[PDB]
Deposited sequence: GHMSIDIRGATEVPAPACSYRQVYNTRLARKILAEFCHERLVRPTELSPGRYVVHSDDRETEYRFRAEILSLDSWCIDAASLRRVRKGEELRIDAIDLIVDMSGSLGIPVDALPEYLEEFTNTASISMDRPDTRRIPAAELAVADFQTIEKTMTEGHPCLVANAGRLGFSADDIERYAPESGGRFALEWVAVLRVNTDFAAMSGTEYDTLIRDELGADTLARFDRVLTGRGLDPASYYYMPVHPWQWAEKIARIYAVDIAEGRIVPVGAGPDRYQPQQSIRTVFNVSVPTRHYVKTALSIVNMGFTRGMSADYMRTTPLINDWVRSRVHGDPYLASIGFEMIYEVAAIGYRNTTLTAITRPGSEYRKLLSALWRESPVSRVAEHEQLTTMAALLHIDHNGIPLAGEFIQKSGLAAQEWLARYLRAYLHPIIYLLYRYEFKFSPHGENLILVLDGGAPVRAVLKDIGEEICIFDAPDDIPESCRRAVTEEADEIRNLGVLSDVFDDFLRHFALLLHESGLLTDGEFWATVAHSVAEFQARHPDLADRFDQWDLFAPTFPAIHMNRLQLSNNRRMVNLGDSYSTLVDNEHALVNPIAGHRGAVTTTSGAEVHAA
């Protein structure tokens, strides 16, 4: 049973219409004020809808008005048909259209072909635990359309390893020769103690007998975890000679059970929630990118984290708002002599056998508190109920107030980190975890750190390990760290959802944001010089069309659009 395929099909088509309008891949025609037509490329289909244009070029399209008329016959709204009707106007090379359609069809089956069993109403979710929310997510990246290709997964691999399935599998472990492997950790973390807390006495012993019965000494090796897919699809075949020759040794599966997170390749220990997340190499293609991990990065990522942790260690403002970071505390990476020989850096043959551990947040929260992916604010249940509003009702706060506390919990530390420390991260729904109390916002945790951080002003003793992360940028576009990364890439999507549902009009939303930024600026007069340098109340900033990059991905200097400016919603209150 899947009673709801058309509900999601219309949602999807609506997102395509509004994202592609926003990026001006689709410029519709105004027939009356507020009433629009979009013509198909073959001029056979017409797409009629009413829409309100909210702040940041947000097309809020009335689904009840949305009509599809082909040769004068009225048709069901269909999202795939919509992309095909538009492939030309979108600048998709005819060479590329079948490949794109595959990516996008897989994206769409997540919502549409979801069994009715795995559907949870919004109000039940609002009191669900952390990981239920995690698997009930289906929206994906709010900006990109073809956002869940998972190119590489069979239909079973989706069943077992995709987040929205909710599987609880084990990790396969292997022994890798210490001479072919790079281990690393932050200060305070060591291999011998990490592996103890992670696997325990019995397991470590079991792995060890495996190893000694093969006549091998467990001291020549590290143990490291492997995603069961990556093992069978890539390691067992590509490293076939090494497994033969005993440099890689299967040793079995760990007892604990894991749940994939929205990242797919980051899994959460559900058996022992305070043990670490594990991030594994998954050589599949999702939003144009491969999800392998170079051993090259494995060397430096724990080091970059140690730097960041000691810059922000002891920060009184961050402590006062409760802002945590959860770090990648240790990484491990296998290098193959023959394969490293015949390959330039960045090769996927160097991103196969890697893994890194990351702190779980669970110990840092009260028993009455609740964790949730930030992506949950953009969640809407199959009955059309926005999960965000179930948090607002439960909370005992008005929507406006709820929003204000949310912004303090999330926007304020992001700003501070960019203006006090000149750090930019990726503050999007997947990389933030909200801490709620009975539904009210409390504070926030940032998660994806070593691979995503931009340092704009490192001291003279920046460890060379973080040279990857250093990155000059013009003062003219420094404010994009909030204005595009946060305002246009996330808050814009929250504002439409709150306005369409009547919970908060687009105007009250941005008036709040404006008062939010002002209150932060007033809490930090010693940064007033920087606030003038990098103008958060600038009147316009340039768009960065997410879906264009994919339809061709990721410095902002070379992504910004030349002749598309976005009108800064909060500038009106400067």
| request: Point out each run of deposited residues with no C-alpha coordinates, keeping the order of the sequence. | output: 1 to 16, 569 to 572, 575 to 578, 599 to 612
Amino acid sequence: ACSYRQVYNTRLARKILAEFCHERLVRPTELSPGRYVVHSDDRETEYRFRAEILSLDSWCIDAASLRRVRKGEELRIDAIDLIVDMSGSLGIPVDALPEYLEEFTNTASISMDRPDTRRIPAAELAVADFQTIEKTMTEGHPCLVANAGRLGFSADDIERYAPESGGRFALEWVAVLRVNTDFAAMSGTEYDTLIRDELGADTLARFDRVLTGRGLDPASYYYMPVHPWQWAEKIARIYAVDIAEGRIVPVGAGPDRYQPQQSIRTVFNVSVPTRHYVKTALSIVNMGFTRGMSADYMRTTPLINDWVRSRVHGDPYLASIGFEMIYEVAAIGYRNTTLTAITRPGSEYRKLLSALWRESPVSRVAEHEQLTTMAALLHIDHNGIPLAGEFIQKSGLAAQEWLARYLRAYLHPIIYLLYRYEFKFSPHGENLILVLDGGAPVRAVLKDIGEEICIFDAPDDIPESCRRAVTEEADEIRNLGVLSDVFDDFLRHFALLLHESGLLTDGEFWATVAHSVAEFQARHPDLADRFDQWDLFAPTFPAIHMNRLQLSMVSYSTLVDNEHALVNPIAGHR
From here on, numbers count along this sequence of modelled residues.
| query | Once you work out the mean C-alpha B-factor for both 555 to 563 and 13 to 21 from the entry, which is higher? | reply | 555 to 563
| said: When the Cα temperature factors in the entry are averaged, is it 285 to 293 or 365 to 373 that ends up higher? | reply: 285 to 293
| query | Which listed residue, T29, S65, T512, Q533, has the largest C-alpha temperature factor in the record? | reply | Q533
| Candidate residues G396, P386, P218, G140, the one whose C-alpha B factor the record puts highest | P218
| query | For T45, does the deposited CA B-factor place it in the lowest, middle or highest third of the chain? | reply | highest
| note | Of the three thirds of Cα B-factor ranks in this chain, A155 occupies the lowest
| task | Relative to the other modelled residues of the same chain, rank the CA B-factor of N336 and answer lowest, middle or highest third. | result | highest
| query | In terms of the CA temperature factor given in the entry, to which third of its chain does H412 belong: lowest, middle or highest? | reply | lowest
| message | Using the temperature factors of the C-alpha atoms in this entry, rank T471 within its chain: lowest, middle or highest third. | response | highest
